[PDB]
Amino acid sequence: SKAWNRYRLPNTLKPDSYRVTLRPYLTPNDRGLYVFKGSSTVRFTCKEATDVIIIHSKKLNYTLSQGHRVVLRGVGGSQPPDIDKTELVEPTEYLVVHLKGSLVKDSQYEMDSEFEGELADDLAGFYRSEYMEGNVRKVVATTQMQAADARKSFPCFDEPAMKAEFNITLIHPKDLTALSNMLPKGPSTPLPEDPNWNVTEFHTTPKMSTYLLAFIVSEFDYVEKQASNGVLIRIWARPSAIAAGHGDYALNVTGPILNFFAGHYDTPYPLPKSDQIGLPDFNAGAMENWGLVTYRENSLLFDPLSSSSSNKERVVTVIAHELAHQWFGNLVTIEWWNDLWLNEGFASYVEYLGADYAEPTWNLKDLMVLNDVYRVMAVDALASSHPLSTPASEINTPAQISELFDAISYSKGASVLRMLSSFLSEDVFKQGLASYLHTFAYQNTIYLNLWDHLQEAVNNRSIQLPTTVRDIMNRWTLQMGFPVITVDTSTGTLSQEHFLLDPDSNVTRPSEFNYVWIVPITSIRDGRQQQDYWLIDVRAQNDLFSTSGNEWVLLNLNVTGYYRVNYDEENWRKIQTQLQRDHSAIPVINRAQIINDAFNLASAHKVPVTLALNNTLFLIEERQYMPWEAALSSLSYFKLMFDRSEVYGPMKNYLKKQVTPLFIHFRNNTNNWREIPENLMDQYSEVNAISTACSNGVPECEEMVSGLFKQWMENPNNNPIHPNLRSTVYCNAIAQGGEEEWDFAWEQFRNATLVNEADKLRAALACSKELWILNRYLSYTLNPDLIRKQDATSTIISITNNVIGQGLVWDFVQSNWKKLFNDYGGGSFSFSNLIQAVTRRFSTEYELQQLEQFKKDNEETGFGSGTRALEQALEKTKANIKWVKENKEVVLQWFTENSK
């Protein structure tokens, strides 16, 4: 009822500019706490009279001056009423200043505040990061303000629409550097009170959102290179890392990608610099802070001699994603978090446009089908998903906000962006985005504003679409899910319906469009592209989809559109024979579509499961990477359902037969594993062949990965395992080995100097088959001295991936959830990801009981960021019980027969 009890801010006060001064103490005080002292002065205009000031604040202690937590002053002759009392409302994280009188409309006011906070290792707000230089424990003060943690460093109106200018100041030790969004406004002047401390004031920022602020204080070095658009680029990181040259690669691509995005979207980069800094302790992968982008070390650094090609891809993709945010999210922000897909959906699509420019020989845009489209289809098929644009009233609390940073906003947004640019064409799509950026620069927008400017581009270019741009995209944005296109090639009929993994699931969400989509269908006939078609009705008919004799069709060419396709039994048979005759006749991207769609269709009871498994028969003579991966991905679901049952044995034998020819081929192609493929895709094919070969019991692989690891143990300094193979060779060699191999890989993980190497070691240690080792290793994941809090959740997710640890982690989660939730509430621990991963195997009514009881027990404690993930687990589990009962026998039959 009260204003300060609601989670949304009042429109009465709107900020204009901020003055902030922070001072981190990188040493523990006598209480043992790393603290930071700060002072802030915010100038705001009163748009509506009110007798109370509501401003965000979180975990902040205020110095009392003039008997109150803040001091209110006037601007331009305005009379600030006396403050009656100030209070802190913890639930909604507010700082309520009750006044004796009301404020004048159209009058500016300034509010002073002196406060203190903790420089915790919770990777949120103004937090600390630590590393080791020689034998010294270096400490760093970094920042993570997304989504609503800027209130954790200084009081402000922490909302994306409350844009303003920030006059940042950083009081740090003399022997340390201070960085921020802008460049220093003159050199650092030693603080007069104490010459052991310097002061660095930074230039005023442009109109930006609070969640984009960043204040870093480190002793890092850097490497720089003036970009092609005059922007200064700097790659900050630990001294030893910079010296060894791990930042050189990011320096090579950052500049060019930045300038590429500038030209592609006809919009310059406003700021004079863009710093890329790599923290040792970061929660997410990276943050798009305007001017000072922050990265995980594994997302920015790269060692040409010990990093893998997939690590190099990670870096460029992450950099591109972050640099794209400079335009979509920073220059043009969202009105409210409910439209998060406008920032992360654009970046997740544009990340490929930039990466393809940096490394064009990689053809990375093709991987978007597997890494994005099908990554989100698995969750968007559930009735517990959410639309791309949830209503603003449905998102209010911080938990509900952090929850939206999921595959839907990232991947489905990217998939919708893919489908949009394919039927609009890139050159046209680029146009509308340029007008959309220029208009709403330094402002905030909603999904509607985008339709307006995209519709204009259709008018200038005279593009013909079945209807307005607003009405075609509203079908994919306002309502969740996606359709399944059922084709009757005998009669050329076309049908569509809401695809659900569990046909019995109860769709609760209402849709103004009643779950009917307007999909652009692209098809091919015997390997020849047909005329594009638009489906505006629930059921249609067209000659484009009719066949006769040997003629066969395939809809959704290169999977540009975000929808699954299913054909009649006859057409499937013609496709299967075509794959056995000459699979090269099918687009490599669509070969993956055939496998992925069929498997997900079987799960939906739309086609027999025996069909999907038949589509994986041609893989025995398949050399590409993408089709094999699509199968291994869909088959991972079979591993989850059957790796604790009689069905696994036969499954391993069938895979062991399908992959062995490829493994032998790469042994001859790689000169006995001495070299790697030149093409990046083939490099990944080699790895997927080695991992699948060893996981399924090919003894030649098992004898090789063990012999390599043993050679390494003999000469630890000289690692003979090529980076691309280290990931897979490590996991298998530790599972086959014993404690002597586990301790050696543990010794390596502690003494490691490269995070890419440590990450491979950390995961591989979770492959031990000994139950006592996994139990010991689990207790390590909660010791910040042994495993970084930023890697805790990940390491636990790796142990549960082990069939011997599946029950150990589930028991661990059930027993100490509250303790695990209270301690890591809103910190370095992601609860959604862990829930999603621990429940993946549930397939029995007993497990469903355990999960439903887990929900009932901890309903008082809550789940926050994992609420939706819990419901999705409950639905996916109920579906798994039916699926296994229905297919346990038929599947076992198919694996045993085709394994011979």
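In this text, residue numbers run from 1 along the sequence as written.
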Missing-residue flag, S209, threshold a third of other entries: no
Other entries lacking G291, at least a third: no
Entry-level comparison of average CA B-factors, 72 to 80 and 593 to 601, reporting the higher stretch: 72 to 80
Stretch with the higher entry mean CA B-factor, where the candidates are 526 to 534 and 650 to 658: 526 to 534
Top Cα B factor in the deposited entry, candidates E497, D122, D221, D791: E497
C-alpha B-factor winner, where the candidates are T27, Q872, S843, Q66: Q66
Among modelled residues of the same chain, the CA temperature factor third for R43: highest
Assigned third (lowest, middle, highest) for the C-alpha B factor of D857: middle
Cα B factor band for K59 (lowest, middle or highest third within the chain): lowest
Within-chain third of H665 by Cα B-factor, per the entry: middle
Ranked against its chain, the third holding the CA B-factor of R776: lowest
